[PDB]
């Protein structure tokens with residue numbers, strides 16, 4: 001009883017929770033993303049970016065964190081305008097300009113964020129008068145060298161994604177770019193879900209290579225608990241989040257490293273960690289990194 | 001003046017509380033909660049949400065925002081608010097003491113009304129009532145009375 | 001909805 005497993009596990013627990021978080025938010029099948037964002041956001045050139053086929057919580061959360069981190073590197077004034085509760089059913093100009101202070105920075109970046117991730121409400125809910133006021137604000141910032149705008153639209157919706165696209169193309173000189181989220185095959189999806197629960201911290205530890213061998217093993221064994229759970233992720237809506245939530249629970253619930261391995265081998269099932277237990281908010285975002 | 005012997009309950013350093021705390025079980029908290037870096041990071045977000053411009057009716061909104069932003073299960077946020085008599089000021093005090101002392105709910109904390117505290121308030125026993133008022137004060141006493149003749 | 005409508009908040013100054 002001289003050596004306490006509880007002390008070692010606390011360190012592992014916290015490291016596993018951090019990596020699971022990181023893995024979830026990394027859109028590994030889209031490696032081009034981080035380079036794309038630094039190019040377009042960390043410049044004084046105005047830009048409109050459409051994020052099409054944003055079908056998963058992990059994609060939205062992942063893109064958002066990546067955007068949030070890229071703008072954190074920008075040392076000039078960054079203004080954030082959330083367009084959502086404005087366009088749905090010169091006050092805009094004056095609100096944007098109130099935030100523009102030439103005493104704290106000569107150059108400024110206005111980041112307009114619009115999120116339309118409910119394909120159900122496909123009909124144009126947006127006020128045409130509020131939309132033309134927005135493209136007018138953009139037409140003014142476009143002509144102002146001192147101020148750069150970064151418009152980021154998140155959709156899977158089309159009757160909205162198209163009306164914006166045509167209005168922005170017709171009235172502005174700034175060419176927009178479309179970042180298409182790739183549609184994975186069931187096999188590919190299965191690959192990236194497995195990758196999410198593989199940890200790389202403390203590479204030179206027998207305990208980490210024991211953890212990673214167990215998961216690789218269980219997943220090659222068709223009848224193992226872990227592999228049956230993964231066979232369900234093939235049909236359940238939102239598998240990365242369901243897996244994330246369940247794994248977070250089995251990590252946090254365990255007392256020793258052995259308890260954690262026991263849960264992966266014998267306790268992780270649809271009957272024990274059910275879909276119902278969690279809220280799959282399509283616009284959910286995880287807490288920021290410390291450093 | 002600006003001194004209170006109640007400061008010791010708010011004065012808890014979140015850096016001395018290992019994250020996630022042993023008392024922070026999955027039946028009270030959501031998977032998002034376990035993804036804060038420190039007890040300080042959670043505390044700071046809690047303060048951010050709590051300091052919103054809510055109207056006294058919007059108790060349903062706050063419970064939802066605590067669930068979405070800090071990962072506190074809706075049923076647990078409601079339970080906490082009830083034993084706090086609605087006083088949002090004593091919300092961070094609850095979590096600091098709950099985590100430090102590893103007890104849910106914190107038993108002897110001014111502003112945190114236990115079940116046994118309500119049993120003492122229900123009884124007209126002036127000995128139990130002296131012990132209660134020495135814990136929460138006449139302020140919280142008249143608030144708890146107002147709160148339950150309206151319940 | 002029952003306990004939440006009946007409950008009143010004490011917001012911050």
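Readers should treat all values here as calculations from the given coordinates under stated rules, not as data from a laboratory. Note that we place each Cβ from the backbone using ideal geometry, even for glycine, and neighbour counts take in every protein chain shown.
Taking the inverse of the mean 1/r over every pair of distinct Cα atoms in the protein assembly as shown gives a Kirkwood hydrodynamic radius of 25.3 Å.
Would you please give the FRET efficiency between residue B:27 and residue A:178, computed as 1/(1 + (r/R0)^6) with r the Cβ-Cβ distance and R0 = 45 Å, to the nearest 0.05? Before the final figure, lay out the partial values.
On the way: r = 44 Å, r/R0 = 0.98.
So, using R0 = 45 Å, E works out to roughly 0.55.
Placing pseudo-labels 7 Å out from each Cα toward the beta carbon at residue B:7 and residue A:90 gives an inter-label distance of 5.1 nm.
For a protection proxy built on the mean count of beta-carbon atoms within 10 angstrom, sort A:268-274, B:125-131 highest first, please.
Values: A:268-274: 14.7, B:125-131: 11.7.
Result, highest mean Cβ count within 10 Å first: A:268-274, B:125-131.
Stokes-Einstein diffusion for the range A:102-162, with the hydrodynamic radius set to the Kirkwood value over Cα pairs and evaluated at 37 °C in a medium of 0.692 mPa s, equals 246 µm²/s. Using a simple spin-label model with pseudo-atoms 7 Å out from Cα toward Cβ, residue A:222 and residue B:138 lie 7.9 nm apart.
Taking 0.36 nm per residue of separation and subtracting the Cα-Cα distance, full extension of the segment from residue A:170 to residue A:267 would add 29.2 nm. The share of Cα pairs per 10 Å bin across the range A:161-291, counted from zero up to the longest distance, runs 10, 33, 29, 15, 9, 5, 0 percent. Cα centroids of the range A:212-291 and the range B:94-112: 31 Å apart.
Given in Å, the Rg to one decimal and the Dmax to the nearest whole number for the Cα atoms of the range A:1-40 are 17.2, 57.
Among A:56-65, B:97-106, how do they line up by average Cβ neighbours within 10 Å per residue, starting with the highest?
Numbers: A:56-65: 21.8, B:97-106: 18.2.
Packing order, densest peptide first, comes out as A:56-65, B:97-106.
Legend: mean number of C-beta atoms from other chains within 10 angstrom of residue C-beta atoms, peptide A:42-50, equals 0.
Provide Rg over Rh for the range B:3-143; use the alpha carbon set for both Rg and the Kirkwood Rh (inverse mean inverse pair distance).
Numbers: Rg = 15.4 Å, Rh = 15.9 Å.
Radius of gyration relative to Kirkwood radius: 0.97.
Rounded to the nearest 0.05, the FRET efficiency derived from the C-beta distance between residue B:130 and residue B:79 at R0 = 30 Å is 0.65.
Only helical runs count toward this figure. For chain B, summing -39,500 (n - 2.57) over DSSP H runs of n ≥ 4 and dividing by all residues gives -16000 deg cm²/dmol at 222 nm.
Cut-off is 10 Å between beta-carbons; in what order do A:230, B:34, A:280 appear when sorted fewest neighbours first?
Numbers: A:230 19, B:34 24, A:280 13.
By the 10 Å Cβ count, ascending: A:280, A:230, B:34.
Over the residues of chain A, the helix contribution to mean residue ellipticity at 222 nm works out to -15000 deg cm²/dmol, using -39500 (n - 2.57) for each DSSP H run of at least 4. Taken residue by residue and averaged, Cβ atoms of other chains lying within 10 Å of the Cβ of A:237-250 number 2.
Pair-distance distribution P(r) for the range A:49-101, from all Cα-Cα distances in 10 Å bins starting at 0: 18, 38, 36, 9 percent.
Please give the FRET efficiency for residue A:42 paired with residue B:51, using the beta carbon to beta carbon distance and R0 = 25 Å, rounded to the nearest 0.05. Given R0 = 25 Å and the Cβ-Cβ separation, E is 0.20.
Taken along the Cα-to-beta-carbon direction at a fixed 7 Å, the label points for residue B:44 and residue A:144 span 3.0 nm. Of all DSSP-defined beta bridges confined to the range A:27-183, some 5% are antiparallel rather than parallel. Temperature 25 °C, viscosity 0.890 mPa s: under these conditions the Stokes-Einstein estimate for the range A:75-211, based on its Kirkwood radius over C-alpha pairs, is 135 µm² per second. Take each residue in B:27-38, count the other chain C-beta atoms within 10 Å of its C-beta, and the mean is 6. Each 5 Å bin from 0 upward holds the following percent of the Cα-Cα pairs of the range B:104-151: 5, 22, 35, 27, 10, 1.
Of the Cα atoms belonging to the range B:76-136, the radius of gyration and Dmax stand at 11.8, 34 Å.
The value of relative contact order for chain B, using C-alpha pairs under 8 Å at least six residues apart, is 22 percent.
Counted over chain A, the DSSP beta bridges are approximately 5% antiparallel.
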